[PDB]
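By convention here, the first residue in the shown sequence is residue 1. Values reported hereafter were calculated over all heavy atoms of this structure, with side chains retained and with hydrogens, waters and symmetry mates removed.
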Amino acid sequence: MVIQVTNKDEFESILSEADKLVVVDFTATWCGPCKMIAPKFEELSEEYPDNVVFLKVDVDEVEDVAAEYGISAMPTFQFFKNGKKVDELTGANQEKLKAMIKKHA
């Protein structure tokens, strides 16, 4: 249950208009770990279908969001409440990803 974001305006508008917690997967085709944690991301998106929106962002496809969101390493999962950033995890840690989604959901 994951939505692929392909531009900045569409991304900002989603965070802006979200009445749910939003989790964003910042990913890249050159990033081995990004692809390894991707199935876990998908599972969780289905395991929180009511109160959390999950997004996917390729940093080479949407350049204007990678620099603007302060992404410094990959993968990066950012968490937004009411259109405002609340948490962040860097790295393909499956356990920490679950634990951080639970914290805010």
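With hydrogens and angles disregarded, a donor-acceptor distance shorter than 3.5 Å links the side chain of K35 to the backbone of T29. Judged by distance alone, with hydrogens and angles left aside, the side-chain atoms of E46 form no donor-acceptor pair with the main-chain N or O of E42 at under 3.5 Å.
The minimum heavy-atom distance linking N93 with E95 is given by the pair OD1-OE1, 2.9 Å. When all heavy atoms of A28 and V59 are compared, the closest pair comes out as CB-CG2, 4.1 Å. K20 and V53 get closest at one heavy-atom pair: CD-CG2, 3.5 Å. Across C34 and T27, no two heavy atoms sit closer than the pair CB-OG1, 3.2 Å.
A perpendicular orientation is assigned to the rings of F80 and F11, their planes being inclined by more than 60° (bins at 30° and 60°).
Between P75 and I37 the shortest side-chain heavy-atom distance falls below 4.5 Å. No side-chain heavy atom of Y48 sits under 4.5 Å from any side-chain heavy atom of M1. Annotation: side chain of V52 is not in contact with side chain of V22 (no heavy-atom distance under 4.5 Å). With a 4.5 Å cut-off on side-chain heavy atoms, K56 and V5 do not count as touching. With contacts defined as side-chain heavy-atom distances shorter than 4.5 Å, the pair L97/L44 qualifies. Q78 has its side chain within reach of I71: a pair of non-hydrogen atoms, C-beta onward, lies under 4.5 Å apart.
Here the CG-OG1 distance, from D58 to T6, works out to 10.5 Å after rounding to the nearest 0.5 Å. Taken to the nearest 0.5 Å, the NZ atom of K103 stands 9.5 Å off from the CG atom of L89.
Under the side-chain contact (heavy atoms from CB on, under 4.5 Å) criterion, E12 pairs with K8, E68, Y69, not counting sequence neighbours.
Only one option out of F41, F79, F77 pairs with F54 in a ring pair (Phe, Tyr, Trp, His ring centres under 6.0 Å); it is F41.
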